[PDB]
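We begin with a single chain expressed as structure tokens, specifically the form deposited in one PDB entry.
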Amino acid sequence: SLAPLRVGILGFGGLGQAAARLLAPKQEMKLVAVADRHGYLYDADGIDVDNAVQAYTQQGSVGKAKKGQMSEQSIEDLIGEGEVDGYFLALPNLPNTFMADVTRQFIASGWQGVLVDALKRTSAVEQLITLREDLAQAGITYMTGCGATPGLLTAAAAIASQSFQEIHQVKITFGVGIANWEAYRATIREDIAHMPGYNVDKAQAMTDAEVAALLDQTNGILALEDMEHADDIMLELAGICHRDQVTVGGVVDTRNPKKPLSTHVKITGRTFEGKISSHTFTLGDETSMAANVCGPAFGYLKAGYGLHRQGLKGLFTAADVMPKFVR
């Protein structure tokens, strides 16, 4: 707290804005940097979040905030702009290479430190796997899948697995309750993308009108079974089970701030005594999606910093490392 961690956020939709608010009260982490598609804001003394949020929602970019800069390469520019020990990539992976793309800009930039994401999709994480040496070579400690699921729930499964000689299944069921879908438009467009009638390009092609139409069919409720979800490969890399034994589904209600069911992960395996059994980790209904994503993200940023500081670079997943509570 004489030397708080200095962090940035890239992407300033609803999730990135939540991340900024989560950081405000912290003593040992300081938000110094935000970027969005058309602009960036840096302030070594701490970002003024109200000002950034107003600028963004009202004028379309944080580049329009008090000390903001407009730019069509905000990321490139922000990197060079000053001292940041790590960034949270709050960005939707759009186009579906954009995280890796942004990651390559970081690789390319000559910057070193900690990066963290909250990617959801097995295939986006694979794109990051391909870069793991390039990361390590660049001096970057990259923490992937460090949100709710993957992330928190993936780490819980990794811990839970220690009671068992062999794991038979890891089943995640998540609930999301948001007041209206626009509040997390990207997140909702990303869910729709991995819905059986659709895909990523068609999802992004859709208008807000057509989105609202789809949601009307079911009173704003999306029931997603066996989705693509990087929990699977993360638990495989950690040596716990094969990806096929990991299933992820959930319900998102876009017309209610109450969570439509309790988010949980169930871990089933066989003990050395040949008993078959299950542990369950359940999240409280009043922990929002934003809290269960961004809290772990910064706990992993702090952990990643610990690893970076002792010279460990490369790609780490939530299943590999103990996140560290941020105060």
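Between two forms, the rigid core is defined as the largest C-alpha subset superposing within 1.5 Å. Residues that one form lacks are left out of the comparison. So that there is no doubt, residue numbering starts at 1 and follows the sequence shown.
Form deposited in another entry: not shown, discussed below.
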Where does the C-alpha shift reach 2 Å or more between this form and the one not shown among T247, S163, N180, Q127, given a fit on the rigid core?
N180
Pair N180/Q17, Cα separation in the other form versus the displayed form, closer or farther by 3 angstroms or more
closer
Given that the shift is 3 Å or more, do the Cα atoms of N180 and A18 end up closer or farther apart in the other form than in this form?
closer
Core-referenced shifts between this form and the one not shown - contiguous stretches of at least three, CA at least 2 Å
179 to 183, 185 to 187
